[PDB]
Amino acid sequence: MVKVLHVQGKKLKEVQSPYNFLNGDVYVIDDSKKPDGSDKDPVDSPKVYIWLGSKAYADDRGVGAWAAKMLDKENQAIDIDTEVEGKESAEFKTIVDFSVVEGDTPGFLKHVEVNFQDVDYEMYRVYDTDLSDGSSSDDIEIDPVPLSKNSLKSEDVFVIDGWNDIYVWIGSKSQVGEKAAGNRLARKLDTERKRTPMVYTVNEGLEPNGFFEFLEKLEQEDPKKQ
């Protein structure tokens, strides 16, 4: 009986069963109207729910919350609830049958190039993809990898960006071009941050005493896990 609306950019689009909520998206579940399409009697507690996917960004969230406000505006007896992926109330979970799937419709906001300049941590793998050609400098790729001792591999170089502290970890079996590219990446991050960071190049097995404790805290504390 309930009407379920999917935020798509600045649009609300109605969807039908089966409901597969994308975890990067926002749905508005309208439980405010009686079978025929008329507003429900305030005695029957009309409700509107805003379901927030765990990966949904501010535009999808704001479009969905404003859409619920607009339903409340036309019928003030409506009660609005926000539900969060994986912690939905027993009541919401009673009125819609749904599953949650991995997926993300991009929001409508246009991307502008501004650095928020807030503490963020990342680990990068620095590797040449073809050593058969006799150079370790011509096919360098930089991939983000999870912040963890588990991502460290002897064969490559890793840049551990702890914002103000930057470590270049040299695998004992890594190549010269990966060391050069690793150090150049650390230098670029240091330069972007007006040179305030401390930059260290460390070798595998010869890590300073603080090193692996520092890697654990970065993984726990990383304010933007992505």
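All residue numbers are counted from 1 along the displayed sequence.
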Higher-scoring stretch by recorded Cα B factor average, 74-82 or 111-119: 111-119
42-50 or 177-185, whichever carries the higher mean Cα B-factor: 42-50
Which of 100, 145, 90, 126 ranks first by CA B-factor in the deposited coordinates: 90
Third assignment of residue 22 from its chain's C-alpha B-factors: lowest
Residue 193 by Cα B-factor - lowest, middle or highest third of the modelled chain: lowest
Chain thirds of CA B-factor: placement of residue 133: highest
Third assignment of residue 60 from its chain's C-alpha B-factors: lowest
Third assignment of residue 4 from its chain's C-alpha B-factors: middle
